[PDB]
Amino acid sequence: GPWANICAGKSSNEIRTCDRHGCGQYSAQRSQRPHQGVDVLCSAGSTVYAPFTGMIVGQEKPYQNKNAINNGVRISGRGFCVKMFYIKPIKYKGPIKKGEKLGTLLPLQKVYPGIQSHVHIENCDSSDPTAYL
């Protein structure tokens, strides 16, 4: 698909399969409700890059409570609007270019030891983003 490879160490945007914590695909089984995004493979500590050109809209945290991975952002532009979780970003507002450094992946293995480390990416309307990867 159209998006840039998001994770510094990767040829493409590969998706988390199934590990001891769960599975990474859109609508994957979760406890209250299905998985609302897609988990894109990425090594803890890695540089993450913008999937598309647009504007960082704001900080957007994945969780209501503090943990080692509780940061992220919303980005919109070029027909796309995503929330990207488990990243410490460079900035919480302003312009960003496709493939530009967006931030660093936070300590996935500290929070979920044995997970396939990933960025969780979600369309802003919670629709399936898989086609764009």
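Numbers for residues come from their place in the sequence shown, where the first is 1.
Comparing 94 to 102 with 33 to 41, the stretch with the higher mean C-alpha B-factor in the PDB entry is 94 to 102. Mean CA B-factor, 80 to 88 versus 57 to 65: the higher value falls on 57 to 65. Placement of the Cα temperature factor of residue 113 within the chain: lowest third of the modelled residues, per the deposited record.
When the modelled residues of the chain are ordered by C-alpha B-factor, residue 10 sits in the highest third.
Ranked by Cα temperature factor within the chain, residue 18 sits in the highest third according to the deposited record. Per the PDB record, residue ranking by Cα B-factor puts residue 71 in the lowest third of the chain.
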